[PDB]
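Number of protein chains: 4
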Amino acid sequence: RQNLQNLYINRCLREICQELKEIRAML
Amino acid sequence: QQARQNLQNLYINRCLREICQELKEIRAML
Amino acid sequence: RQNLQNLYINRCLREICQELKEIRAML
Amino acid sequence: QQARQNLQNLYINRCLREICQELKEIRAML
Numbered sequence: 033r034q035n036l037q038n039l040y041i042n043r044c045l046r047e048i049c050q051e052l053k054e055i056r057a058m059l
Numbered sequence: 526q527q528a529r530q531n532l533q534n535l536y537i538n539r540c541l542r543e544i545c546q547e548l549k550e551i552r553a554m555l
Numbered sequence: 033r034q035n036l037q038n039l040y041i042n043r044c045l046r047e048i049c050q051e052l053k054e055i056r057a058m059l
Numbered sequence: 526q527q528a529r530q531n532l533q534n535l536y537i538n539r540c541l542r543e544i545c546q547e548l549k550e551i552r553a554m555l
């Protein structure tokens, strides 16, 4: 249960990291 | 140049706002 | 233990949120 | 104006890099 939630949190964090990398490229 | 620059500034601001919202959601879940 | 780690993760997330708010102001 | 703009761009890039590093650390810990 906890492990499940963490998996969804970690996917979101990875997606945010990819978005911030794209933002840095724009900059 | 400047209107494109100002638009890009507003666009990145909106992206960062969305990211902040997501991090607030994660905080609540933790 | 888990609760402890989450507290330190949540403080970091709150700090990041404050930093991103300052970045948005600069923008 | 433009050199200040370019510097600010590089400064924000560096901040976002640091934030990415922190989120990677959180991911590892979760």
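Chains as they are written, first to last, in the numbering used here: chain A, 33 to 59; chain B, 526 to 555; chain C, 33 to 59; chain D, 526 to 555. Built from N, CA and C at the ideal position, the CB exists for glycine as well.
- Where residue 541 of chain B is concerned, the enclosing alpha helix (DSSP H) starts and stops at 527–554.
- For residue 553 of chain B, the closest C-alpha among the options C/42, C/51, C/55 is that of C/42.
- At least one CB of chain D lies nearer than 8 Å to the CB of residue 56 of chain A.
- Residues of chain D whose Cβ lies closer than 7 Å to the Cβ of residue 44 of chain C are, in chain order, 547, 551.
- Neighbours of residue 34 of chain A in chain B, taken as residues whose beta carbon is under 7 Å from its own, are absent, since the nearest beta carbon is some 10 Å off.
- The criterion of a C-beta distance shorter than 8 Å is not satisfied by residue 44 of chain C and residue 549 of chain B.
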